[PDB]
Amino acid sequence: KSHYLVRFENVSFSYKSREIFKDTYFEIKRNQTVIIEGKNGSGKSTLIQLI
Amino acid sequence: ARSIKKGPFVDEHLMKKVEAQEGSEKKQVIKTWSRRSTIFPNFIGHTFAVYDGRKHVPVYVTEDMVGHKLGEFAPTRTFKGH
Amino acid sequence: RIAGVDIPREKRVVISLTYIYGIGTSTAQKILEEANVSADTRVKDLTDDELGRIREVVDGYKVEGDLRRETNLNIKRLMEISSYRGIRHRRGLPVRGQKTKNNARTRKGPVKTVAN
Amino acid sequence: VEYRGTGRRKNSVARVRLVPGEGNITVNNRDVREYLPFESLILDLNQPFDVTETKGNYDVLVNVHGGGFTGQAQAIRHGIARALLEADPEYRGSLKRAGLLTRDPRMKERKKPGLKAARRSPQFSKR
Amino acid sequence: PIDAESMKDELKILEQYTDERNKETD
Amino acid sequence: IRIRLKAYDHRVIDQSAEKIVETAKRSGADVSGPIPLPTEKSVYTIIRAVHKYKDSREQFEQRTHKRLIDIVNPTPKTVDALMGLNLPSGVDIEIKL
Amino acid sequence: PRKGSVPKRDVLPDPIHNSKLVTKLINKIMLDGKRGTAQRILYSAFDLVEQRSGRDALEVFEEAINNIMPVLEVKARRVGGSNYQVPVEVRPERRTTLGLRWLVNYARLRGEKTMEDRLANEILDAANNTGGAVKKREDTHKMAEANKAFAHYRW
Amino acid sequence: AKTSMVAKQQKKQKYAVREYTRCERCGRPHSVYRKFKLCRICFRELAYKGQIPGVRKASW
RNA sequence: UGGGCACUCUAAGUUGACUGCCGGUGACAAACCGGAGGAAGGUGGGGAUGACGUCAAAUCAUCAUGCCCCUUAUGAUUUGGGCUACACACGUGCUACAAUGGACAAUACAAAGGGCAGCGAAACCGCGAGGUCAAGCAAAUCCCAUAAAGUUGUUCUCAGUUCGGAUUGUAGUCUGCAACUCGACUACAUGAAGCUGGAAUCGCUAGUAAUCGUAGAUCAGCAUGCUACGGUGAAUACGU
Ligand SMILES: Nc1ncnc2c1ncn2[C@@H]1O[C@H](COP(=O)(O)OP(=O)(O)OP(=O)(O)O)[C@@H](O)[C@H]1O
Ligand SMILES: [Zn+2]
């Protein structure tokens with residue numbers, strides 16, 4: 001019973017030398033199904049950690 | 001309700017037959033219609049028979065009634081359940 | 001802290017002064033006339049200079065338990081003399097002349113759709 | 001040496017008084033950019049001034065009455081143009097091709113009974 | 001993109017009607 | 001000297017007014033031509049049906065027209081025509097002297 | 001209507017940018033009959049965007065309504081057991097009605113705060129063939145492709 | 001019913017909250033003007049014959 | 001404002017719009033599309049105006065009435081109660097779920113109507129509903145009457161929130177013999193469900209829909225309803 005669940009606001013991150021995310025936006029609304037893609041090392045399991 | 005500058009309203013004959021046994025032995029129930037008159041401290045101890053439309057139903061005036069009307073304490077409608 | 005209630009932080013002082021049961025917005029922004037705070041500062045930014053001086057008039061009123069069953073007795077006397085009202089409390093209906101055949105759904109629960 | 005003209009629009013009446021001068025428009029003791037709140041109305045009530053190509057030659061000097069800001073910013077433009085076929089009436093071929101000497105008759109409509117408006121019927125359920 | 005040049009291509013296929021086929025024996 | 005004209009129809013409120021202003025122009029005195037004043041329309045919508053049909057209504061009305069007449073030089077013989085009662089039974093004149 | 005046809009209504013240019021594609025975008029923005037609070041949102045999003053991108057305000061808006069101009073589209077018939085969606089070609093003045101409401105109702109569907117910048121982040125993303133408004137000349141452009149078969153049922 | 005209730009309305013009642021108008025042609029309580037003392041049936045039934053001064057229809 | 005009738009307003013008279021005119025498709029002959037004088041052009045815009053009949057439609061309760069009933073009542077007069085009853089299902093509306101919004105400050109612009117034992121100013125008093133004095137006006141003069149949207153600003157920053165204003169306890173103001181069953185308003189506290197709606201369903205072709213405010217009749221008192229009035233004001237009509 002609302003619209004937005006989580007959101008990013010020009011978020012960045014880095015693993016001491018590796019710049020994973022520059023300033024980006026991300027959103028998940030009520031009753032959605034999101035499928036994140038990429039490859040090995042892209043940053044999928046580190047985006048789930050930011051949440 | 002009424003106001004500060006007007007008083008309470010009591011119906012002019014619900015007092016005379018109450019301040020007529022001011023100093024008397026016993027209290028017999030008083031036969032009324034004036035459901036609309038307020039309750040003074042003077043009534044404290046009386047049990048009036050008010051009018052709910054077809055029967056005079058009796059209630060005995062106590063000291064937590066002393067700002068109310070006479071007919072807040074006598075139902076007019078009947079409703080047992082549906 | 002200002003009462004048993006702990007009005008939140010990250011708030012204008014006159015906003016969170018509404019958070020207490022018994023003071024809304026008319027007692028919340030001239031509560032700041034006994035003490036003298038600008039009313040526009042956050043509650044995260046003031047020292048106990050006024051933090052007790054707002055804790056002094058907060059008790060000049062009757063607040064949060066001083067008031068709750070204060071007005072559970074006044075809605076209890078109407079059950080014990082048995083006036084008109086209160087049987088509209090001790091039934092569960094609207095007690096002023098709010099009418100009950102059509103929209104009476106704050107005193108009564110949700111619908112109970114029955115048979116036609 | 002001032003010209004004359006009344007133009008109406010929609011229950012506003014505005015009396016306009018063309019003079020010899022430079023671009024400036026005063027309305028009811030005020031500068032019209034204090035009078036008019038949108039830059040939308042001060043662009044076209046000098047529509048007459050760009051059809052005849054006398055962009056700045058006149059100070060305006062309006063007197064207004066009735067209505068609101070559109071109908072007064074628009075009863076005016078029918079003054080600026082019905083005071084300029086009065087100076088050189090032989091301007092009149094081209095200030096009338098831009099459609100500027102029409103009074104614009106479109107007024108507000110009666111309310112009819114058993115309707116909630118001029119043209120708005122009540123909600124129909126058949127059962 | 002879908003490259004909407006279909007406007008030029010669904011105009012030849014517009015003319016094979018259901019009755020144009022009925023005529024024009026081969 | 002200030003006088004007023006009334007009537008529900010305009011046909012006898014100029015047939016009256018500009019009929020007797022030159023009853024003042026008879027003798028030596030001149031009067032302001034009759035000034036029309038804002039007239040009123042009252043309006044009453046009722047129900048056509050004797051019973052259950054709103055949405056079918058009917059409107060009527062009734063007006064009252066007003067007229068101004070004032071003269072600028074009364075003589076002893078310009079108000080002795082005050083009782084020249086010849087107005088056609090509907091009009092109502094207002095004299096205040 | 002049966003009897004014929006009519007005109008439209010022809011609107012005079014903006015004070016400032018000197019087009020009639022910005023007077024007909026306030027009429028998509030206006031609502032309830034309030035041209036006041038629609039001209040904040042439309043001149044505060046030519047200069048809330050004019051900062052972000054260093055070219056003119058009206059060539060990054062007018063390329064933001066020409067990726068959205070749907071060139072094909074589907075209309076319907078019946079059969080008697082199916083109801084087929086035919087694909088027809090779009091006139092040159094209907095692509096300008098739809099691009100200008102596929103851009104303004106894909107702005108109340110956005111997660112920014114004040115509709116100065118929803119309309120501002122939607123004229124700058126839609127200028128790069130992306131996002132909301134400009135998939136919808138791509139929703140609407142496979143349906144005229146899937147249905148490329150039923151074209152002969154046309155008018 | 002009527003002819004008993006109208007003759008207790010041409011009769012000054014106790015408290016002047018208690019003067020309901022009730023039309024002076026037929027007796028009807030029910031929709032009654034003050035400038036005429038004539039309800040909605042009788043205003044239309046009399047203003048048609050023409051016996052109510054200054055009234056016509058309205059066509060604005 | 002002394003003085004003026006110009007400007008505009010008021011409202012009597014009288015102008016004006018007829019396919020008159022002018023091109024070219026029609027020789028069925030009417031008409032049709034375009035053009036130019038015009039404020040408006042093709043029954044200008046809107047109203048009143050509702051044929052023969054249909055429905056044994058509605059109305060014996062507004063009124064009148066043939067036939068049949070009652071007549072110490074089925075008639076008549078009062079006080080009080082009732083039409084305001086509440087497991088529930090339906091029709092018409094109103095208020096909102098916010099950022100094109102809340103709040104609290106400066107600041108403009110309409111019309112159409114009501115007003116005598118009735119509008120009721122300015123001053124004072126009240127946090128407020130409103131109270132006491134009281135001018136003027138039977139009213140184009142005076143009063144109701146601030147129009148609210150709007151506009152320039154400070155501010156709050158996505159949370160059932162400063163959103164929303166139900167429901168209650170309190171303490172008051174007015175009208176009335178009297179607001180107990182059962183009136184409108186205001187102060188303080190209380191802080192309900194509601195995040196834009198299932199199946200299906202409705203209005204509207206231009207100054208109309210949408211929003212915004214004012215005003216009347218009933219009326220002591222009480223409207224979100226009905227009959228009016230103007231400000232801001234879109235989107236679309238390929239076709240059949
Ligand atoms: N603690 C760390 N310190 C430095 N670098 C790290 C650390 N953890 C992860 N990384 C780097 O971050 C990158 C992404 O890690 P992440 O956990 O997102 O992988 P992933 O996308 O989940 O891979 P997969 O999809 O195969 O699981 C890797 O290339 C890795 O080198
Ligand atoms: Zn009658």
# chains A, B, ... in the order shown; residues from 1 in each chain; ligands from 1
>>> residues_around(residues="residue 29 (chain A)", least_positions_apart="6", cutoff="12 Å", atoms="only C-alpha atoms (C1' of nucleotides)", output="VMD selection string")
(chain A and resid 1 to 7) or (chain G and resid 109 to 111)
>>> residues_around(residues="residue 134 (chain G)", least_positions_apart="2", cutoff="9 Å", atoms="only C-alpha atoms (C1' of nucleotides)", output="MDAnalysis selection string")
chainID G and resid 67:69 102:103 126 129:132 136:139
>>> write_last_selection(atoms="N, CA, C and O atoms", output="compact mmCIF listing (two decimals), in the first residue's frame")
# COMPACT_ATOMS: atom_id res chain seq x y z
N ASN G 67 11.19 12.01 -31.77
CA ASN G 67 11.37 10.57 -31.65
C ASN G 67 10.08 9.89 -31.28
O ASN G 67 10.00 8.66 -31.35
N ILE G 68 9.07 10.68 -30.90
CA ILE G 68 7.82 10.18 -30.36
C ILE G 68 6.70 10.18 -31.38
O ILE G 68 5.57 9.86 -31.03
N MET G 69 6.97 10.59 -32.61
CA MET G 69 5.90 10.75 -33.58
C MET G 69 5.54 9.42 -34.23
O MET G 69 6.19 9.03 -35.21
N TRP G 102 1.82 11.94 -25.24
CA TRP G 102 2.68 10.82 -24.90
C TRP G 102 3.92 11.32 -24.19
O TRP G 102 4.84 10.55 -23.90
N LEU G 103 3.97 12.61 -23.92
CA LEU G 103 5.11 13.28 -23.34
C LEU G 103 4.72 13.99 -22.08
O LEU G 103 5.59 14.35 -21.28
N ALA G 126 13.90 11.58 -23.46
CA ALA G 126 13.23 11.31 -24.71
C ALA G 126 13.97 11.88 -25.91
O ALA G 126 13.64 11.53 -27.05
N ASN G 129 16.21 8.79 -27.66
CA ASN G 129 15.42 7.58 -27.93
C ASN G 129 15.36 6.69 -26.71
O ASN G 129 15.82 5.55 -26.72
N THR G 130 14.79 7.21 -25.62
CA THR G 130 14.68 6.34 -24.46
C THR G 130 13.70 6.84 -23.39
O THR G 130 13.82 7.95 -22.88
N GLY G 131 12.74 6.00 -23.07
CA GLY G 131 12.11 6.10 -21.78
C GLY G 131 10.68 6.55 -21.72
O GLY G 131 10.40 7.75 -21.72
N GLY G 132 9.77 5.60 -21.61
CA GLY G 132 8.38 5.87 -21.31
C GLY G 132 7.55 6.23 -22.52
O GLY G 132 6.82 5.40 -23.04
N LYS G 136 6.75 3.99 -26.59
CA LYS G 136 5.36 3.92 -26.97
C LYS G 136 5.12 4.37 -28.38
O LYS G 136 4.03 4.18 -28.90
N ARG G 137 6.11 4.94 -29.06
CA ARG G 137 6.06 4.71 -30.48
C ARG G 137 6.82 3.46 -30.84
O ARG G 137 7.22 3.32 -31.99
N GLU G 138 7.00 2.55 -29.88
CA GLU G 138 7.53 1.21 -30.10
C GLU G 138 6.63 0.11 -29.53
O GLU G 138 6.62 -0.99 -30.07
N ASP G 139 5.92 0.35 -28.42
CA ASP G 139 4.73 -0.47 -28.20
C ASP G 139 3.90 -0.49 -29.47
O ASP G 139 3.70 -1.54 -30.07
>>> residues_around(residues="region 64-80 of chain F", least_positions_apart="3", cutoff="7 Å", atoms="only C-alpha atoms (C1' of nucleotides)", output="PyMOL selection string")
chain F and resi 1-8+10+24+29-41
>>> residues_near_ligand(ligand="ligand 2", cutoff="10 Å", atoms="only C-alpha atoms (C1' of nucleotides) and all ligand atoms", output="VMD selection string")
(chain H and resid 22 to 32 37 to 43 45) or (chain I and resid 62 to 63)
>>> closest_atom_pairs(of="chain D", to="chain I", cutoff="8 Å", atoms="only C-alpha atoms (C1' of nucleotides)", output="CSV")
residue,atom,partner,partner_atom,distance
D:15,CA,I:7,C1',7.6
D:35,CA,I:108,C1',7.3
D:37,CA,I:151,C1',6.2
D:66,CA,I:110,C1',5.7
D:67,CA,I:110,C1',4.7
D:68,CA,I:109,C1',4.7
D:69,CA,I:109,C1',6.1
D:101,CA,I:39,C1',7.7
D:102,CA,I:39,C1',6.0
D:103,CA,I:39,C1',6.1
D:105,CA,I:40,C1',7.9
D:106,CA,I:207,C1',5.8
D:107,CA,I:207,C1',5.9
D:108,CA,I:207,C1',6.0
D:109,CA,I:46,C1',7.2
D:110,CA,I:46,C1',7.3
D:111,CA,I:228,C1',7.3
D:113,CA,I:227,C1',7.3
D:118,CA,I:208,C1',7.7
D:119,CA,I:208,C1',6.7
D:120,CA,I:203,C1',6.0
D:121,CA,I:203,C1',5.9
D:122,CA,I:203,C1',7.1
D:123,CA,I:202,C1',5.7
D:124,CA,I:202,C1',6.3
D:125,CA,I:91,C1',7.7
>>> write_last_selection(atoms="N, CA and C atoms", output="short mmCIF file (atom, residue, chain, number, x, y, z; two decimals), in the first residue's frame")
data_model
loop_
_atom_site.label_atom_id
_atom_site.label_comp_id
_atom_site.auth_asym_id
_atom_site.auth_seq_id
_atom_site.Cartn_x
_atom_site.Cartn_y
_atom_site.Cartn_z
N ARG D 15 -12.22 51.62 -22.87
CA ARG D 15 -12.09 52.83 -23.70
C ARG D 15 -10.63 53.21 -23.87
N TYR D 35 -0.95 45.47 -14.18
CA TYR D 35 -2.32 45.08 -14.46
C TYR D 35 -2.42 43.61 -14.87
N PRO D 37 -1.34 39.75 -15.48
CA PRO D 37 -0.41 38.80 -14.87
C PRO D 37 0.27 37.80 -15.80
N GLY D 66 -15.40 46.06 -15.94
CA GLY D 66 -16.00 44.75 -16.11
C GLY D 66 -14.98 43.61 -16.14
N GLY D 67 -15.50 42.39 -16.25
CA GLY D 67 -14.71 41.20 -16.56
C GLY D 67 -13.59 40.74 -15.64
N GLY D 68 -12.51 40.28 -16.27
CA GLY D 68 -11.33 39.75 -15.62
C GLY D 68 -10.15 40.03 -16.52
N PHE D 69 -9.05 39.31 -16.34
CA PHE D 69 -7.83 39.73 -17.04
C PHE D 69 -7.80 39.38 -18.52
N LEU D 101 -11.46 43.14 -36.54
CA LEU D 101 -12.55 44.10 -36.36
C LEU D 101 -13.86 43.37 -36.08
N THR D 102 -13.77 42.09 -35.75
CA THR D 102 -14.87 41.32 -35.21
C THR D 102 -15.01 41.66 -33.74
N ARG D 103 -16.25 41.86 -33.26
CA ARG D 103 -16.44 42.11 -31.83
C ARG D 103 -16.18 40.86 -31.02
N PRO D 105 -18.61 37.65 -30.66
CA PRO D 105 -19.88 37.60 -29.92
C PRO D 105 -20.01 36.50 -28.85
N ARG D 106 -18.99 35.69 -28.59
CA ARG D 106 -19.14 34.46 -27.83
C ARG D 106 -19.28 34.70 -26.33
N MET D 107 -20.51 34.83 -25.85
CA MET D 107 -20.76 35.08 -24.44
C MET D 107 -21.16 33.82 -23.74
N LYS D 108 -21.45 33.99 -22.46
CA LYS D 108 -21.69 32.93 -21.50
C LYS D 108 -23.17 32.62 -21.49
N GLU D 109 -23.47 31.35 -21.33
CA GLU D 109 -24.73 30.82 -21.77
C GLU D 109 -25.67 30.60 -20.61
N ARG D 110 -26.94 30.79 -20.90
CA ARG D 110 -28.04 30.64 -19.97
C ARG D 110 -27.88 29.31 -19.25
N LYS D 111 -28.37 29.21 -18.05
CA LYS D 111 -28.55 27.88 -17.52
C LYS D 111 -29.99 27.51 -17.79
N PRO D 113 -33.24 24.62 -17.11
CA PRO D 113 -33.75 23.81 -16.00
C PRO D 113 -33.79 22.32 -16.28
N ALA D 118 -25.45 24.84 -18.45
CA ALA D 118 -25.99 25.02 -19.79
C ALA D 118 -26.20 23.69 -20.46
N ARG D 119 -25.18 22.88 -20.53
CA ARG D 119 -25.25 21.69 -21.36
C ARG D 119 -24.86 20.45 -20.64
N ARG D 120 -25.11 20.34 -19.36
CA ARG D 120 -24.58 19.22 -18.61
C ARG D 120 -25.78 18.58 -17.98
N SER D 121 -26.06 17.38 -18.40
CA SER D 121 -27.23 16.68 -17.95
C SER D 121 -26.90 15.96 -16.67
N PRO D 122 -27.91 15.57 -15.95
CA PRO D 122 -27.70 14.76 -14.74
C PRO D 122 -27.37 13.32 -15.11
N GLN D 123 -26.88 12.56 -14.13
CA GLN D 123 -26.43 11.19 -14.37
C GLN D 123 -27.61 10.27 -14.60
N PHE D 124 -27.58 9.53 -15.73
CA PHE D 124 -28.63 8.58 -16.13
C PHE D 124 -28.33 7.15 -15.73
N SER D 125 -29.14 6.61 -14.82
CA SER D 125 -29.34 5.17 -14.64
C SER D 125 -30.77 4.73 -14.90
#
>>> residues_near_ligand(ligand="ligand 1", cutoff="7 Å", atoms="only C-alpha atoms (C1' of nucleotides) and all ligand atoms", output="number ranges by chain")
A: 15-16, 18, 20, 39-47
>>> write_last_selection(atoms="N, CA, C and O atoms", output="PDB file, in the first residue's frame")
ATOM      1  N   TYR A  15      35.247  -0.622  -4.527  1.00  0.00           N
ATOM      2  CA  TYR A  15      35.959  -1.594  -3.698  1.00  0.00           C
ATOM      3  C   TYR A  15      37.462  -1.325  -3.701  1.00  0.00           C
ATOM      4  O   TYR A  15      38.277  -2.147  -4.118  1.00  0.00           O
ATOM      5  N   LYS A  16      37.805  -0.121  -3.248  1.00  0.00           N
ATOM      6  CA  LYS A  16      39.159   0.319  -2.928  1.00  0.00           C
ATOM      7  C   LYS A  16      40.018   0.614  -4.152  1.00  0.00           C
ATOM      8  O   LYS A  16      40.999   1.357  -4.053  1.00  0.00           O
ATOM      9  N   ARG A  18      38.247  -0.498  -7.481  1.00  0.00           N
ATOM     10  CA  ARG A  18      37.242  -0.816  -8.482  1.00  0.00           C
ATOM     11  C   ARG A  18      36.082   0.142  -8.294  1.00  0.00           C
ATOM     12  O   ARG A  18      35.582   0.303  -7.178  1.00  0.00           O
ATOM     13  N   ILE A  20      32.527   0.425  -9.049  1.00  0.00           N
ATOM     14  CA  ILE A  20      31.432  -0.433  -9.491  1.00  0.00           C
ATOM     15  C   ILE A  20      30.313   0.402 -10.100  1.00  0.00           C
ATOM     16  O   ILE A  20      29.982   0.263 -11.282  1.00  0.00           O
ATOM     17  N   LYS A  39      27.003  -9.634 -16.093  1.00  0.00           N
ATOM     18  CA  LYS A  39      27.942 -10.736 -16.252  1.00  0.00           C
ATOM     19  C   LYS A  39      28.643 -10.944 -14.918  1.00  0.00           C
ATOM     20  O   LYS A  39      28.248 -10.372 -13.898  1.00  0.00           O
ATOM     21  N   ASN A  40      29.687 -11.762 -14.923  1.00  0.00           N
ATOM     22  CA  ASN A  40      30.418 -12.069 -13.702  1.00  0.00           C
ATOM     23  C   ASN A  40      31.320 -10.899 -13.344  1.00  0.00           C
ATOM     24  O   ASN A  40      32.236 -10.560 -14.097  1.00  0.00           O
ATOM     25  N   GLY A  41      31.066 -10.291 -12.191  1.00  0.00           N
ATOM     26  CA  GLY A  41      31.804  -9.126 -11.758  1.00  0.00           C
ATOM     27  C   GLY A  41      31.111  -7.807 -12.004  1.00  0.00           C
ATOM     28  O   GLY A  41      31.670  -6.761 -11.653  1.00  0.00           O
ATOM     29  N   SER A  42      29.914  -7.821 -12.591  1.00  0.00           N
ATOM     30  CA  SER A  42      29.223  -6.577 -12.899  1.00  0.00           C
ATOM     31  C   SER A  42      28.859  -5.813 -11.635  1.00  0.00           C
ATOM     32  O   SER A  42      29.017  -4.590 -11.578  1.00  0.00           O
ATOM     33  N   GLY A  43      28.384  -6.511 -10.609  1.00  0.00           N
ATOM     34  CA  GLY A  43      27.949  -5.846  -9.399  1.00  0.00           C
ATOM     35  C   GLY A  43      26.532  -6.174  -8.979  1.00  0.00           C
ATOM     36  O   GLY A  43      25.874  -5.362  -8.326  1.00  0.00           O
ATOM     37  N   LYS A  44      26.045  -7.358  -9.350  1.00  0.00           N
ATOM     38  CA  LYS A  44      24.686  -7.740  -8.986  1.00  0.00           C
ATOM     39  C   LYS A  44      24.565  -8.005  -7.494  1.00  0.00           C
ATOM     40  O   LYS A  44      23.666  -7.479  -6.831  1.00  0.00           O
ATOM     41  N   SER A  45      25.452  -8.830  -6.947  1.00  0.00           N
ATOM     42  CA  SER A  45      25.386  -9.169  -5.534  1.00  0.00           C
ATOM     43  C   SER A  45      25.900  -8.057  -4.636  1.00  0.00           C
ATOM     44  O   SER A  45      25.802  -8.181  -3.413  1.00  0.00           O
ATOM     45  N   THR A  46      26.452  -6.986  -5.203  1.00  0.00           N
ATOM     46  CA  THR A  46      26.799  -5.809  -4.422  1.00  0.00           C
ATOM     47  C   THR A  46      25.745  -4.720  -4.514  1.00  0.00           C
ATOM     48  O   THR A  46      25.711  -3.834  -3.657  1.00  0.00           O
ATOM     49  N   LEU A  47      24.901  -4.755  -5.544  1.00  0.00           N
ATOM     50  CA  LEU A  47      23.713  -3.915  -5.550  1.00  0.00           C
ATOM     51  C   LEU A  47      22.691  -4.408  -4.540  1.00  0.00           C
ATOM     52  O   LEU A  47      22.036  -3.601  -3.877  1.00  0.00           O
TER      53      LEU A  47
END
>>> residues_around(residues="region 160-167 of chain I", least_positions_apart="6", cutoff="9 Å", atoms="only C-alpha atoms (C1' of nucleotides)", output="count of residues only")
17
>>> residues_around(residues="residue 86 (chain F)", least_positions_apart="6", cutoff="10 Å", atoms="only C-alpha atoms (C1' of nucleotides)", output="MDAnalysis selection string")
chainID F and resid 16 19:20
>>> interface_residues(of="chain D", to="chain F", cutoff="10 Å", atoms="only C-alpha atoms", output="number ranges by chain")
D: 112-115
>>> interface_residues(of="chain I", to="chain B", cutoff="10 Å", atoms="only C-alpha atoms (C1' of nucleotides)", output="PyMOL selection string")
chain I and resi 79-82+85-88+172-174+177-181
>>> atom_distance(atom1="CA of residue 30 (chain G)", atom2="CA of residue 13 (chain D)")
27.7 Å
>>> residues_around(residues="residue 10 (chain A)", least_positions_apart="3", cutoff="7 Å", atoms="only C-alpha atoms (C1' of nucleotides)", output="count of residues only")
3
>>> select_by_dssp(residues="chain F", states="alpha helix (DSSP H)", output="list in words")
residues 11, 12, 13, 14, 17, 18, 19, 20, 21, 22, 23 and 24 of chain F
>>> residues_around(residues="residue 31 (chain C)", least_positions_apart="5", cutoff="12 Å", atoms="only C-alpha atoms (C1' of nucleotides)", output="compact mmCIF listing (two decimals) with C-alpha atoms, in the first residue's frame")
# COMPACT_ATOMS: atom_id res chain seq x y z
CA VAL C 13 9.65 22.32 17.38
CA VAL C 14 6.07 23.49 16.79
CA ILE C 15 5.42 20.52 14.52
CA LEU C 17 4.77 19.76 19.73
CA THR C 18 1.63 18.46 18.01
CA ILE C 23 -2.00 19.68 22.20
CA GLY C 24 -2.50 20.17 18.46
CA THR C 25 -1.36 23.34 16.71
CA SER C 26 -3.11 26.14 18.64
CA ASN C 36 10.67 31.91 24.03
CA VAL C 37 11.89 29.77 21.16
CA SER C 38 11.50 30.86 17.55
CA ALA C 39 9.29 27.81 16.79
CA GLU C 50 14.63 25.95 26.93
CA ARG C 53 11.60 25.80 30.06
CA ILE C 54 9.43 24.04 27.52
CA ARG C 55 9.11 21.25 30.11
CA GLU C 56 7.52 23.74 32.54
CA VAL C 57 4.38 24.86 30.69
CA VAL C 58 3.99 21.37 29.22
CA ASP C 59 2.80 20.40 32.72
CA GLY C 60 0.80 23.59 33.23
CA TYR C 61 -1.76 21.80 31.09
>>> select_by_dssp(residues="region 6-153 of chain G", states="strand (DSSP E)", output="list in words")
residues 72, 73, 74, 75, 76, 85, 86, 87, 88 and 89 of chain G
>>> write_last_selection(atoms="N, CA and C atoms", output="short mmCIF file (atom, residue, chain, number, x, y, z; two decimals), in the first residue's frame")
data_model
loop_
_atom_site.label_atom_id
_atom_site.label_comp_id
_atom_site.auth_asym_id
_atom_site.auth_seq_id
_atom_site.Cartn_x
_atom_site.Cartn_y
_atom_site.Cartn_z
N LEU G 72 2.95 4.72 -37.79
CA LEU G 72 1.92 3.71 -38.02
C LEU G 72 1.11 3.59 -36.76
N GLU G 73 0.09 2.73 -36.78
CA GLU G 73 -0.76 2.60 -35.60
C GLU G 73 -1.82 1.57 -35.97
N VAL G 74 -2.52 0.99 -34.98
CA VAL G 74 -3.59 0.02 -35.27
C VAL G 74 -4.97 0.66 -35.08
N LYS G 75 -5.90 0.35 -36.00
CA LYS G 75 -7.35 0.51 -35.88
C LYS G 75 -8.05 -0.81 -36.15
N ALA G 76 -9.32 -0.91 -35.70
CA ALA G 76 -10.12 -2.15 -35.61
C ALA G 76 -11.29 -2.28 -36.61
N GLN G 85 -7.45 -6.28 -35.67
CA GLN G 85 -6.69 -5.02 -35.61
C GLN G 85 -5.88 -4.69 -36.88
N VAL G 86 -6.38 -3.86 -37.80
CA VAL G 86 -5.70 -3.48 -39.06
C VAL G 86 -4.62 -2.45 -38.76
N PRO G 87 -3.49 -2.39 -39.48
CA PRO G 87 -2.59 -1.24 -39.34
C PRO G 87 -2.71 -0.18 -40.42
N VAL G 88 -2.97 1.06 -40.01
CA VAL G 88 -3.19 2.17 -40.93
C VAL G 88 -2.07 3.18 -40.76
N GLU G 89 -1.86 3.99 -41.79
CA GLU G 89 -0.90 5.08 -41.73
C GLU G 89 -1.47 6.36 -41.12
#
>>> interface_residues(of="chain G", to="chain D", cutoff="10 Å", atoms="only C-alpha atoms", output="MDAnalysis selection string")
chainID G and resid 12:16 23 35:36 39
>>> atom_distance(atom1="CA of residue 152 (chain G)", atom2="CA of residue 79 (chain G)")
13.5 Å
>>> closest_atom_pairs(of="chain F", to="chain H", cutoff="7 Å", atoms="only C-alpha atoms", output="tab-separated table")
residue	atom	partner	partner_atom	distance
F:8	CA	H:54	CA	5.0
F:46	CA	H:40	CA	6.1
F:47	CA	H:40	CA	7.0
F:50	CA	H:41	CA	6.9
F:59	CA	H:58	CA	5.8
F:60	CA	H:57	CA	3.9
F:61	CA	H:55	CA	5.4
F:62	CA	H:55	CA	4.5
F:63	CA	H:54	CA	6.7
>>> write_last_selection(atoms="N, CA and C atoms", output="tab-separated table (two decimals), in the first residue's frame")
chain	number	residue	atom	x	y	z
F	8	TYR	N	-45.76	48.77	-15.21
F	8	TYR	CA	-45.33	47.42	-15.59
F	8	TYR	C	-45.13	47.29	-17.08
F	46	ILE	N	-41.76	28.00	-11.49
F	46	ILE	CA	-42.61	27.07	-10.75
F	46	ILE	C	-42.63	25.72	-11.47
F	47	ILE	N	-43.36	24.77	-10.91
F	47	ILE	CA	-43.51	23.43	-11.48
F	47	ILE	C	-44.80	23.39	-12.32
F	50	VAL	N	-48.89	19.16	-11.60
F	50	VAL	CA	-49.57	19.30	-10.31
F	50	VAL	C	-49.02	18.31	-9.30
F	59	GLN	N	-41.24	29.24	-16.34
F	59	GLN	CA	-40.84	30.56	-15.87
F	59	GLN	C	-41.86	31.60	-16.29
F	60	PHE	N	-41.97	32.64	-15.47
F	60	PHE	CA	-42.77	33.83	-15.69
F	60	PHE	C	-41.90	35.01	-15.28
F	61	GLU	N	-42.49	36.18	-15.21
F	61	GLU	CA	-41.76	37.32	-14.69
F	61	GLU	C	-42.70	38.49	-14.55
F	62	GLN	N	-42.13	39.62	-14.17
F	62	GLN	CA	-42.85	40.86	-14.05
F	62	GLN	C	-41.80	41.93	-13.92
F	63	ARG	N	-41.93	42.98	-14.70
F	63	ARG	CA	-40.93	44.03	-14.73
F	63	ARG	C	-41.42	45.23	-13.97
